[PDB]
Amino acid sequence: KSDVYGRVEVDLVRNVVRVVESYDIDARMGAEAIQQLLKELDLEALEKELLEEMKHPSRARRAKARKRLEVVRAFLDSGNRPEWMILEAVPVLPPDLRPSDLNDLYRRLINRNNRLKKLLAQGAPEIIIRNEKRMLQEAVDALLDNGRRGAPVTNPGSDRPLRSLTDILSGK
Amino acid sequence: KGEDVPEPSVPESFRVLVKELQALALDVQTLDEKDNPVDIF
Amino acid sequence: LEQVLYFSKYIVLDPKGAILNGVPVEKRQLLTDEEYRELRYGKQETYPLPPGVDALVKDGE
């Protein structure tokens, strides 16, 4: 009988059966990998888990759980659940509100989000798929908050960070 | 008209804020007496 | 860790792995594609040999 999980190779050149240490498994990538995690995380479970962790462990680990428990609470408490923390549908601000800054960034997103749709039905080569998700994930951050990770510049003319949604809400 | 000025509708600053907040994950929803929706528009 | 896979360069984990790279299965952690491919989908790894050279190991020794 086998001892480990694995694929089968019934070799008769040695009259032996080698089971390669290769059983199936599952895993995904990027914004997608957290989207999964968030959906399964059973707040309740971790809530109870933290409850124990919180009042039982020494100040070093209990304190960490405490700060962790509020978030959990908040979600469950108010209701509106955490899985939405992931962007899948970017809401477009109205056309009259912005007569330019934000548009250049909106175009970026639109483009890549679209160049991507096309790069999925035409032919899906991995290295490209990813390289594309990256840029995409980068763009989605731009319109929201530029600077947090590198800074977007209108091509040659002005090395000035395009005013993103965040920049439009804070500051002096 | 020699009349009495109308009553204030939601300052665009309020409106503009709801959206600026919609533009992001954050969802700013205005509510009524009994916690229910209310329309600026 | 976030930044590692948020953009998708690095990997993440799911339901079960019984095997250890050196430590038990990572319930949620992530490993390099080369190692994920190596044991997750298995890794039969070749080693070519110069012509006219004999080996010190058998068929499947």
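Structure determination for this entry, per the PDB record, employed X-ray crystallography and reached 4.30 Å resolution.

Identification of chain C as DNA-directed RNA polymerase subunit beta' from Thermus thermophilus is taken from the PDB entry.

Naming follows the PDB entry, where chain B appears as DNA-directed RNA polymerase subunit beta of Thermus thermophilus.

Visitor: Help me understand the packing of aromatic side chains, please; the structure alone is not making it clear to me.
Guide: Aromatic ring pairs: the centre-centre distance and the angle between the two ring planes describe each pair. Going through the model one piece at a time under the given rule, you end up with two aromatic pairs over all chains. Ring geometry for A:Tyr5 and A:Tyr23: centres 4.9 Å apart, planes at 65°, overall edge-to-face. Taken together, the residues A:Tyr5 in the segment before β1 (7-11) and A:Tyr23 in the loop between β2 (16-20) and α1 (31-40) connect sequence positions 18 residues apart. Look at A:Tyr23 and you get partly exposed, because its relative accessible area is 44%. Residues C:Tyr36 and C:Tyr41 carry aromatic rings whose centres are separated by 5.9 Å and whose planes lie at 40° to one another, so their mutual orientation is tilted.

Visitor: What am I meant to see in the arrangement of the chains here?
Guide: Most contacts, compared over the two pairs of chains touching, are made between chains A and C. Contact between chain B and chain C is absent, and the minimum C-alpha spacing across the pair is 17 Å.

Visitor: Help me understand the pattern of salt bridges in this model?
Guide: Between side chains of opposite charge, pairing is possible as soon as their charged atoms come close. Tallied over the full model, the rule gives 17 salt bridges over all chains. Across the salt bridge formed by A:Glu70 and A:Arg66, the nearest N and O atoms sit 3.0 Å from each other. Residue A:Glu70 and its partner A:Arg66 are located together in helix α3 (residues 59-78), separated by four residues, close to a single helical turn. Under the relative-accessibility criterion, A:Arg66 is labelled partly exposed at 47%. Here B:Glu12 ties to B:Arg15 by a salt bridge, and the two come within 2.7 Å at their closest N and O atoms.

Visitor: Looking at this structure, I do not really get empty space enclosed by the protein. What am I missing?
Guide: Empty pockets left among the atoms are what a rolling probe the size of a water molecule brings to light. All names here are of chain C. There is about 70 Å³ of room inside the largest cavity. Around the largest cavity sit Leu 13, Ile 19, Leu 20, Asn 21, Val 25, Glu 26, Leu 31, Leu 39 and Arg 40, which together line it. Grouping the amino acids of the lining of the largest cavity by side-chain chemistry returns six nonpolar, one polar and two charged.

Visitor: Sorry, what's going on with helix α2 (residues 33-40) of chain C here?
Guide: For an α-helix the count is 3.6 residues per turn, leaving residues at separations of three or four pointing the same way. Residues and elements named next belong to chain C. Buried within α2 are the following residues: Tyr 36, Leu 39 and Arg 40. On an axial view of α2, the arc spanned by its buried residues comes to 90°, and they lie on one face. Of the residues one or two after α2, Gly 42 is the one with positive phi, at around 90°.

Visitor: In this structure, what is going on with the interface of chain B and chain A? I would like to understand it.
Guide: A common way to express how large an interface is: the accessible area buried when the components associate. With six residues of chain B at the interface, the matching set in chain A holds eight residues. Of all residues in chain B, B:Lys19, B:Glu20 and B:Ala23 bury the most surface against chain A, accounting for 65% of the area lost on that side. Where chain B meets chain A, there are zero salt bridges. Scanning the region where chain B abuts chain A turns up zero residue pairs in polar contact. Of the residues contributing to the side of chain B that touches chain A, the split by class is three nonpolar, one polar and two charged.

Analysis parameters
Residues numbered from 1 in each chain as written, not as in the entry; some residues may be left out. Chains lettered and ligands numbered in written order. Part of a larger assembly, values for the part shown. Heavy atoms only, no water. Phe/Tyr/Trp six-rings, centres within 6.5 Å; stacked < 30°, edge-to-face > 60°. Helix = DSSP H or I, 4+ residues; strand = E, 2+ residues; numbered from the N terminus. Buried < 20%, exposed > 50% of the residue type's maximum accessible area, 1.4 Å probe, protein only. Contact = heavy atoms within 4.5 Å. Salt bridge = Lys/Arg side-chain N within 4 Å of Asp/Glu carboxyl O. 1 Å grid on protein atoms, 1.4 Å probe; cavity = no way out; pocket = protein on both sides within 12 Å on 5 of 7 lines; lining within 4 Å. Points joined across faces, edges and corners; volume = space filled by probe spheres on them. Nonpolar A, V, L, I, M, F, W, Y, C, P; charged D, E, K, R; others polar. Arc of directions from axis to C-beta. Buried area = accessible area lost by both parts, 1.4 Å probe. Polar contact = N/O pair within 3.5 Å; in protein donor to acceptor, adjacent residues only side chain to side chain.

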